[PDB]
Amino acid sequence: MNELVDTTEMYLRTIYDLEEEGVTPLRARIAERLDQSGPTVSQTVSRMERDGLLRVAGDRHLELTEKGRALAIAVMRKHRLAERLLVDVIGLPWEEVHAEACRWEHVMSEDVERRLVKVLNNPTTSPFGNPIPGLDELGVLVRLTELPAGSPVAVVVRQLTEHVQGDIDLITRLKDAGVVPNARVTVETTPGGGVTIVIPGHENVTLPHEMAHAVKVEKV
Amino acid sequence: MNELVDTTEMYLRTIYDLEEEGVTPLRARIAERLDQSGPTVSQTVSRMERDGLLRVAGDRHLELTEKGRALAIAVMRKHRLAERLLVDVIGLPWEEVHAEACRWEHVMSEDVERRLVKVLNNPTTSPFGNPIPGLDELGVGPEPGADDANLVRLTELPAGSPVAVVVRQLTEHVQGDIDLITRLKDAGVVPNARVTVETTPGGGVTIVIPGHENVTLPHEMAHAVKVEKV
Ligand SMILES: [Co+2]
Ligand SMILES: [Co+2]
Ligand SMILES: [Co+2]
Ligand SMILES: [Co+2]
Ligand SMILES: [Co+2]
Ligand SMILES: [Co+2]
């Protein structure tokens, strides 16, 4: 089958993901993250633009229309409710719920979502600390790249957005290092964009710049 | 998206469904149930035959190869574990779980299935009474006792006076007709329910339940119900 399960929904969530990372939603990012050629993402975006889902600007940045935004929120809502179910009730390992939820978000109905809100006891966040959007319509902080250079700082981990969950090796390293929602950790800025989690007496864990954008923390 | 989610997997499970119903698996039945044109299924069948998933027999019937049957079993196992999860844990109405699970069966990993057998307390049957197949591939060892009894499809009961039976299984085909599966739910025609059944002129069967309107099953749906005479 189609590896993306629902191509149009993944284009929408990817753009939403990029907005959550504070980076500019571009066709080049969609191609890299969804493993699709330049031509292919251009054709698909034009089709989505035709269908009133996206707006392409002269400078190349992609925006979601009001119509496309509501659909993006609905997919992300199913994604984060599925991750809570997978972690809290099913017991699938933390670092594995993202790939599973990335498939389930395309087939879950809103009736299951509403049942999950009650079964999971009104969850407001995913297992990675991200807010669950669209609960209203269902019917029911600093980023790691904004830190002074060359100096350590004590922070409280709040969110790990969807981009960083896509790198299993890295997400496993972060989990093992205690980089999980609501945990306290001290980080240090690496000269070339990346950030570093300080681990006393052990090799530190380096977050490349694109992954540092995907981690939201609170200054202690 | 593709409304079937995974077309090859629906092809595989439709042939398995037809075998559970005791009817000949045919391209025409796939076309009708999956809503595809004759050519489209003719072209998918050939491709799946060349991919070693099935074969077209001399008399036209469709047969799963060994390779295809293991794949069909994995889809059905996922389907029926998804149904158990939807009813026991999520609480989605019994009559709505089949359509949901028909989508979930194509995206559930074996890792999740392995967790579900533990979380659901070692299930062996779906909420429609059908045995969950291929549990040995998930690491479940068989339990003492064998699966069966004295099960007769409703289409095997003889024409005559009303017969008292206990419903044991409702296969995927009757679940796929939302109006009928909802009527069976509302009349209490569920696994282990006691009803009386009478054969109808054209191969159909009428189910009589005290306090509810009769539920008449066309012959194709009667094939999907397995009972035991009281
Ligand atoms: Co995720
Ligand atoms: Co996805
Ligand atoms: Co940046
Ligand atoms: Co017949
Ligand atoms: Co079913
Ligand atoms: Co299906």
Side-chain angles (χ1 to χ4, degrees), chain A residues 1-13 34 44 47-48 51 53 71 74-75 78-79 81-121 123 127 138 168 172, chain B residues 1-13 34 44 47-48 51 53 71 74-75 78-79 81-123 138 178 182:
Chain A
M1 64 161 302
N2 174 352
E3 265 272 302
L4 297 167
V5 182
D6 181 327
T7 301
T8 308
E9 290 180 348
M10 280 314 285
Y11 273 58
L12 294 177
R13 220 209 66 217
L34 300 187
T44 300
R47 193 156 60 207
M48 254 165 292
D51 295 328
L53 296 180
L71 299 173
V75 177
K78 292 159 174 54
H79 185 91
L81 285 164
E83 288 175 329
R84 287 293 300 264
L85 171 72
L86 288 159
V87 173
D88 299 357
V89 176
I90 295 170
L92 194 68
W94 201 65
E95 71 275 11
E96 295 178 10
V97 306
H98 177 77
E100 193 83 24
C102 195
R103 298 194 302 278
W104 291 27
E105 68 186 352
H106 311 299
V107 294
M108 181 180 293
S109 60
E110 284 200 3
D111 288 337
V112 161
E113 286 186 271
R114 280 181 283 271
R115 287 295 323 174
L116 296 174
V117 168
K118 322 200 83 161
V119 160
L120 303 166
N121 218 249
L138 178 53
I168 306 290
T172 300
Chain B
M1 58 170 298
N2 174 354
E3 204 151 49
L4 298 179
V5 189
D6 185 321
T7 303
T8 304
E9 287 187 347
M10 281 312 286
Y11 270 68
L12 293 181
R13 210 207 80 215
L34 302 184
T44 300
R47 183 204 86 207
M48 290 176 57
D51 289 353
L53 303 181
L71 290 177
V75 177
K78 290 164 201 292
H79 181 84
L81 285 176
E83 288 179 330
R84 273 264 82 99
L85 167 70
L86 289 159
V87 172
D88 306 341
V89 178
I90 299 171
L92 185 69
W94 181 89
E95 67 273 25
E96 300 174 0
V97 308
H98 173 77
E100 188 86 36
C102 195
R103 298 200 297 284
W104 291 28
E105 71 194 352
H106 308 294
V107 298
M108 184 177 287
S109 60
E110 173 184 313
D111 284 335
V112 161
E113 295 184 85
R114 280 169 183 272
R115 288 301 305 149
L116 294 172
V117 174
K118 301 307 165 49
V119 169
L120 298 165
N121 301 131
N122 313 118
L138 297 183
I178 190 60
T182 304

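Residue numbers begin at 1 in each chain, while the letters A, B, ... track the order of the sequences. Just so you know, these numbers use all the heavy atoms, side chains as well, and skip hydrogens, waters and symmetry mates.
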Query raised in the report: Quick one: what part of A/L120 sits under 4.5 Å from any heavy atom of chain B, side chain, backbone, both or neither?
Result: neither

Report task. Could you check A/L116, A/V89, A/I90 and say which one makes a side chain to side chain contact (heavy atoms under 4.5 Å, CB included) with B/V89? Result -> A/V89

Query raised in the report: Would you say the side chain of A/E100 lies within less than 4.5 Å of the side chain of B/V112, judging by non-hydrogen atoms?
Result: yes

Query raised in the report: By a 4.5 Å heavy-atom criterion (distance strictly below it), what part of B/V5 contacts chain A: side chain, backbone, both, or neither?
Result: both

Report task. Would you confirm whether A/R103, through its side chain, and B/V107, through its main-chain N or O, come within 3.5 Å as a donor-acceptor pair? Result -> yes

Report task. Please examine the side chains of A/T8 and B/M1, heavy atoms only from C-beta on, and report whether any two atoms are closer than 4.5 Å. Result -> no

Query - Heavy-atom proximity to chain B below 4.5 Å, by part of A/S109 - result: both

Query raised in the report: If every non-hydrogen atom of A/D111 is compared with every non-hydrogen atom of B/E96, which pair is closest and at what distance?
Result: OD2-OE1, 4.0 Å

**Report entry** Part of B/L4 within contact of chain A (heavy atom distance under 4.5 Å)
**Finding:** neither

Report task. Measure B/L85 against the heavy atoms of chain A and call it side chain, backbone, both or neither at under 4.5 Å. Result -> side chain

